[PDB]
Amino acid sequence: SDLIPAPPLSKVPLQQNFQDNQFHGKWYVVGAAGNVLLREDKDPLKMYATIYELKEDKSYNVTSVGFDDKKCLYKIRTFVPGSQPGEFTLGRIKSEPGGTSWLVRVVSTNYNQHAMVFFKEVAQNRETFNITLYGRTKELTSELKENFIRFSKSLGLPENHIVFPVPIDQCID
């Protein structure tokens, strides 16, 4: 009808012995694959950054920097530690209608260079999910590309459901 079924959590590995204070900091969104498709309006999706800030209570203050309409956009929220280290939930979700509970899981990371992070939504029977490719820089090697594509496909996503955003020199640096 619109989307690919969200794969079981078994299909989604977790970074063994996840290290809080080393995943902290800025990650560029250099790749994105999701079951929800796009508008393809204009055609290129701009690159954006996400700053993970570790707090005392082990939650992350998550600030995302984007650029659109001659404006720098800032999206601030909290990632609450989930059942296993490397897993997060989205809390404080109330008020504005749409009880969307998010599931966050760190699959793999260098801490120093790359990370791949799984995202799952639960809201009204049909579930939206995406995998995000993070890098400490904006560079994208064919090796990292191919790695990500194959990981996407193993979760049931087609080639055309995978996006590699064009790098920008505005807001995100």
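All residue numbers are counted from 1 along the displayed sequence.
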- On average, which has the higher Cα B-factor in the deposited entry, 86 to 94 or 73 to 81? 86 to 94
- Query: Which wins on mean Cα temperature factor, 6 to 14 or 145 to 153?
  - Reply: 6 to 14
- Options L45, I51, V29, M116 - largest CA temperature factor per the record: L45
- Entry record, C-alpha B-factors for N112, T128, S64, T132; the maximum is at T128
- Just say lowest, middle or highest third for the CA B-factor of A33 relative to the other modelled residues in its chain. middle
- Ranked against its chain, the third holding the CA B-factor of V122: highest
